[PDB]
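Protein chains in written order, with the entry's author numbering: chain Aa, 2 to 149; chain AT, 108 to 160; chain AF, 23 to 244; chain AC, 312 to 362; chain AQ, 2 to 186; chain AE, 2 to 120, 129 to 176.
Presented below is the structure to which this report refers.
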RNA sequence: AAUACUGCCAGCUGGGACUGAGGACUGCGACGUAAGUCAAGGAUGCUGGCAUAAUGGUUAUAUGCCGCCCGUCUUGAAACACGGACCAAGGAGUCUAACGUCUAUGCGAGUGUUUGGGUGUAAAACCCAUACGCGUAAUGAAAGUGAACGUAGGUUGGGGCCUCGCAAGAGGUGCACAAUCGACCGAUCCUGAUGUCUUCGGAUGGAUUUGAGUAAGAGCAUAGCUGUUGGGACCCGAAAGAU
RNA sequence: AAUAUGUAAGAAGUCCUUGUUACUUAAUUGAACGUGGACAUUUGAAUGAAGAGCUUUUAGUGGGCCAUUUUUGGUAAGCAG
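Have a look at this one:
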């Protein structure tokens with residue numbers, strides 16, 4: 002609020018926290034990103050390197066639906082099965098009765114392999130997958146099939 | 108100095124423990140007797156100002 | 023059956039034996055003061071009888087008093103004054119004479135008046151103005167209990183144990199002198215004896231070595 | 312609470328210094344030295360006195 | 002006037018009290034200030050000084066971090082004390098039986114500890130069962146894993162993230178960042 | 002409420018005082034004050050009067066009587082700091098001053114009721138003054154001119170300096 | 001032999017000044033055979049006067065000494081630098097969007113109800129679904145690829161805990177954090193395995209390379225101070241320009 | 001020369017034995033990093049430490065001037081540097 006600002010504490014003091022010599026003006030260094038190559042060059046070289054220049058090729062008409070690929074790691078793969086069935090599926094690891102995980106149903110496009118699923122056979126439906134994610138799923142006894 | 112301190116510590120295990128490992132600075136001199144046989148103190152005076160040119 | 027006499031008589035017995043061992047310590051330290059003084063007198067007289075000259079031993083201890091204020095001090099003198107804990111005017115401390123400490127006194131010489139303190143000067147100083155640095159505080163000494171609490175590991179059981187370790191500079195001088203706070207001395211009572219302080223004592227001023235007249239200066243400041 | 316000076320206030324001076332009662336009774340600050348008749352040497356005396 | 006070797010009237014720079022107006026936190030400070038003063042054990046001093054800590058200085062401690070702490074040899078029967086919150090973790094699939102003394106527990110963390118046979122106790126329950134800190138093990142969360150820390154010390158040849166809204170190409174990937182356009186960092 | 006409340010209320014009881022370590026040691030007088038010396042009163046009703054010092058009372062005061070036949074000062078107590086001891090002395094070997102003390106010089110029993118809004130010598134005071142004067146006069150007259158000295162009054166003249174005038 | 005001078009006394013003693021802080025006891029000590037007393041962790045005892053303008057306060061004046069007229073710009077202001085005849089009222093770092101650090105709070109690998117819907121005592125409050133935002137994964141220009149050899153590694157330091165230990169201290173565990181050597185992931189470069197639509201694939205291994213990475217998550221939302229940017233942007237002020 | 005200035009004055013160190021290397025050597029040679037073992041009167045000069053170290057954030061400032069000493073241009077300057 003206004004009563005906890007320093008403007009109320011600066012009542013009486015002449016420059017209101019801005020200095021006698023400096024004489025707080027409208028825009029003494031410019032406006033906005035003014036002089037990022039001339040007189041704020043040191044700021045734009047120290048704190049924001051990479052500001053000036055055309056890197057990369059232009060991608061005309063970008064839609065993020067094409068780049069829709071949220072990633073689910075293997076340690077977060079077992080979050081998908083709900084807790085009412087999670088303990089019944091972790092215990093009694095059965096090849097015949099394996100939990101299927103519709104990873105796309107929650108909205109993860111690609112399964113990655115950050116590691117250490119328990120040694121259970123688990124059915125994984127994927128749009129994409131990595132090599133190490135499949136090898137750890139193969140090591141646990143599960144299978145990955147692809148959906149679209 | 109490390110080799111001397113290790114050797115002095117090795118000998119201090121046998122005899123002369125607390126063998127003064129640390130360096131001491133130039134301590135002020137203890138009291139001494141200055142005899143005067145053959146050393147009668149010759150008196151000195153300031154020299155007069157001589158131009159020496 | 024109430025635990026009154028069961029701890030008061032034991033504490034009074036402990037205080038009586040602590041006072042008895044301090045009494046014989048002060049008796050032992052007293053008797054070595056006259057022997058170390060009278061043999062020095064007798065060594066001078068024996069050398070005079072033998073036709074020689076007795077060089078007395080150089081003084082192991084200086085008492086150094088800051089006489090000039092905290093303004094307009096160059097940084098190399100200012101660091102040494104802080105290292106000797108002379109932070110204000112008429113702040114005194116004891117400095118063990120070595121070659122390292124001698125060139126320190128040569129470097130802050132226009133700001134301090136140092137000399138060789140006598141036993142009477144030291145014991146009057148620590149009785150009147152001796153304060154102990156215990157947990158970064160100036161607790162005044164005022165009994166041998168806090169001397170034993172903070173200097174009992176070095177064998178200093180009393181203020182006279184502390185006095186003897188100062189005048190006869192022993193192996194626990196660094197611990198004992200750092201325990202003593204810098205002496206907040208007053209201005210001298212009869213003045214400084216000079217019209218102008220900031221010349222050398224040889225040049226009729228106040229700073230520098232006044233070798234045995236630091237007793238006349240500090241007995242007036244105390 | 313209040314600092315009391317030693318070398319006055321003899322009860323504080325006797326709270327410190329258990330030797331102070333013996334020092335006051337035996338007068339050890341004003342002790343007479345032993346009389347002796349050692350004479351300085353002539354070589355020291357004439358060096359001091361010459362010219 | 003004296004030679005000021007340091008700054009006079011300088012505050013210690015540490016918290017002597019929590020900045021919060023939490024009455025229940027101040028009760029725990031009141032209990033542990035008594036415990037730090039009246040016990041010679043330094044466990045109560047550390048817990049009190051950690052109770053003062055702010056939200057960025059009390060990071061969350063996962064139950065996987067509890068499990069890694071109990072995985073140390075000789076610390077299986079120890080009680081793990083978090084002065085701060087405890088969150089659960091889907092990375093682990095078997096939390097061992099233990100008693101955990103934390104300020105707050107998330108509902109997943111309460112489920113993970115209780116269903117594993119263990120119990121979630123508070124810091125005053127800690128004070129009752131262990132005033133000097135018998136067989137305890139204080140666990141601290143990763144302080145410098147915060148997203149605000151990777152922007153700290155930003156400069157040339159530092160390997161720090163610049164402060165930037167939109168991460169991608171055309172946003173700080175040009176001169177000053179690669180050798181093709183002028184210079185690289 | 003015009004003023005809400007003070008939450009911290011200071012306690013209404015008074016703490017007892019600490020046991021003070023001050024004993025009332027007896028007063029040592031000046032060396033020039035011997036019982037039987039003559040004093041000059043420096044203040045009061047009898048400024049400059051020469052009086053005979055008789056007894057040091059236990060009040061720390063001084064029982065004086067310049068003889069009432071001589072100078073008109075009665076048997077009264079004064080203060081040691083408000084008198085000046087002259088080097089000459091009188092004889093008090095044969096005078097009874099044993100029954101003069103603090104309660105002898107008590108003024109009156111004072112209450113709050115009988116307070117004098119607007120405004129007699131005791132017969133016992135006159136008679137003991139007489140029997141003190143009978144002993145005191147018999148040695149005053151044995152030396153010349155001392156009776157004239159006590160009846161006179163001291164005064165500082167022009168040019169005399171009390172830092173060098175021996176009294 | 002004295003005496004001067006210098007120095008010492010845990011020597012005595014006189015006179016003066018200022019201070020009386022604390023408010024049961026504890027403690028140290030001294031004297032006394034003990035009992036107790038005391039100059040011993042800060043003043044008590046006795047006495048007198050007045051009880052009101054006595055003391056004190058305010059105010060005016062006088063006297064002694066000091067004291068340049070404030071604000072601002074300035075290296076420097078009392079300035080022969082500028083503003084100010086006086087008085088009353090008004091009058092100048094505010095709000096928003098996006099954020100940064102810090103702090104508080106709630107929930108916490110999630111978080112955020114308030115776009116909307118239902119309801120309501122009706123712009124309030126209450127309740128709610130789907131998405132979406134940010135976070136949980138980075139890296140590359142991009143195609144793409146995408147984070148455990150190990151008790152998530154080793155070394156050094158490391159609070160705290162455990163064991164031994166009359167007590168120092170010695171071992172074991174060592175969270176956070178700091179430094180470093182690795183390992184893994186992406187990019188660059190190099191060698192190129194089974195294979196094969198014989199031109200695709202890229203296994204394995206490596207580097208004076210590189211990243212805003214991983215290496216048992218820390219974020220989201222709200223609130224506040226401070227700071228930034230855009231806006232009139234602390235207030236006021238142009239010469240101008242255009243319609 | 002004086003003054004000023006760099007380094008060192010140890011437990012992260014010293015000594016002895018034997019482990020790794022794709023480095024090095026003629027070599028089971030050295031280098032680096034080690035594993036074990038011995039290292040109080042003072043753990044290896046003096047004095048001090050008044051807490052030490054680290055991190056964030058941001059204000060103001062970025063017109064200076066004077067004095068001793070050294071010193072430049074100038075005849076000199078309450079000159080300029």
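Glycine included, each C-beta is placed from N, C-alpha and C at the ideal position.
Taking only heavy atoms of the ligand FMN into account, decide whether any of them is closer than 8 Å to the Cβ of residue i.
i: residue 74 of chain AF; result: In the structure on display, the ligand FMN does not appear, and there are no ligands present to speak of.
Would you call the CB atoms of residue i and residue j closer than 9 Å?
i: residue 126 of chain AF; j: residue 329 of chain AC; result: no
i: residue 134 of chain AT; j: residue 121 of chain AF; result: yes
i: residue 62 of chain AQ; j: residue 40 of chain AQ; result: no
i: residue 146 of chain AF; j: residue 318 of chain AC; result: yes
i: residue 161 of chain AF; j: residue 82 of chain AF; result: no
i: residue 100 of chain Aa; j: residue 82 of chain Aa; result: yes
i: residue 52 of chain Aa; j: residue 45 of chain Aa; result: yes
i: residue 114 of chain Aa; j: residue 132 of chain Aa; result: yes
i: residue 106 of chain AE; j: residue 78 of chain AE; result: yes
i: residue 114 of chain AF; j: residue 210 of chain AF; result: no
i: residue 23 of chain Aa; j: residue 41 of chain Aa; result: no
i: residue 206 of chain AF; j: residue 110 of chain AF; result: yes
i: residue 163 of chain AE; j: residue 50 of chain AE; result: yes
i: residue 34 of chain AE; j: residue 63 of chain AE; result: yes
i: residue 82 of chain AQ; j: residue 137 of chain AQ; result: yes
Taking the beta carbon of residue i as the centre, do at least 16 other beta carbons fall within 10 Å, making it buried, or is it exposed?
i: residue 89 of chain AF; result: buried
i: residue 149 of chain AT; result: exposed
i: residue 217 of chain AF; result: exposed
i: residue 50 of chain Aa; result: buried
i: residue 105 of chain AF; result: exposed
i: residue 27 of chain AE; result: exposed
i: residue 2 of chain Aa; result: exposed
Quick check: the Cα distance between residue i and residue j, rounded to an integer number of angstroms?
i: residue 88 of chain AE; j: residue 188 of chain AF; result: 54 Å
i: residue 157 of chain AF; j: residue 170 of chain AF; result: 15 Å
i: residue 12 of chain AQ; j: residue 18 of chain AQ; result: 13 Å
i: residue 172 of chain AQ; j: residue 163 of chain AQ; result: 11 Å
i: residue 100 of chain AE; j: residue 150 of chain AE; result: 25 Å
i: residue 341 of chain AC; j: residue 20 of chain AE; result: 40 Å
i: residue 71 of chain AF; j: residue 356 of chain AC; result: 10 Å
i: residue 71 of chain AQ; j: residue 45 of chain AQ; result: 21 Å
i: residue 150 of chain AQ; j: residue 110 of chain Aa; result: 30 Å
i: residue 49 of chain AQ; j: residue 128 of chain AQ; result: 12 Å
Contact defined as beta carbons within less than 8 Å: I believe residue i pairs with residue j. What is the distance between those atoms, to the nearest angstrom?
i: residue 187 of chain AQ; j: residue 100 of chain AQ; result: There is simply no residue 187 of chain AQ to check, as chain AQ begins at 2 and stops at 186 in what is shown.
i: residue 79 of chain AQ; j: residue 54 of chain Aa; result: With 8 Å as the limit, residue 79 of chain AQ and residue 54 of chain Aa do not qualify as a contact, their Cβ atoms being about 56 Å apart.
i: residue 229 of chain AF; j: residue 132 of chain AF; result: 5 Å
i: residue 134 of chain AQ; j: residue 42 of chain AQ; result: 6 Å
i: residue 169 of chain AQ; j: residue 161 of chain AQ; result: About 18 Å separates the two Cβ atoms, so there is no contact after all.
i: residue 91 of chain Aa; j: residue 134 of chain Aa; result: With 8 Å as the limit, residue 91 of chain Aa and residue 134 of chain Aa do not qualify as a contact, their Cβ atoms being about 19 Å apart.
i: residue 65 of chain AE; j: residue 53 of chain AE; result: 6 Å
i: residue 332 of chain AC; j: residue 325 of chain AC; result: 6 Å
**Message:** If contact is defined by three or more beta carbon pairs under 8 Å, each pair taking one atom from either stretch, is the region 138-146 of chain AF in contact with the region 231-243 of chain AF?
**Reply:** The region 138-146 of chain AF and the region 231-243 of chain AF touch, with three or more beta-carbon pairs separated by less than 8 Å.
**Prompt:** Looking at C-beta atoms only, is the number of pairs between the region 56-74 of chain AF and the region 95-104 of chain AF that lie closer than 8 Å three or more?
**Reply:** By the criterion of at least three beta-carbon pairs nearer than 8 Å, the region 56-74 of chain AF is not in contact with the region 95-104 of chain AF.
**Prompt:** Is the region 28-35 of chain AQ in contact with the region 106-120 of chain AQ, if contact means three or more CB pairs nearer than 8 Å?
**Reply:** Result no; under three Cβ-Cβ pairs closer than 8 Å.
**Asked** Are at least three pairs of beta-carbons, each pair with one atom in the region 154-167 of chain AE and one in the region 65-85 of chain AE, less than 8 Å apart?
**Response** The region 154-167 of chain AE vs the region 65-85 of chain AE: in contact.
**Request:** Would you check if the region 28-46 of chain AF and the region 166-183 of chain AF touch, i.e. whether three or more CB-CB distances between them fall below 8 Å?
**Result:** Counting C-beta pairs closer than 8 Å gives three or more between the region 166-183 of chain AF and the region 28-46 of chain AF, which meets the contact rule.
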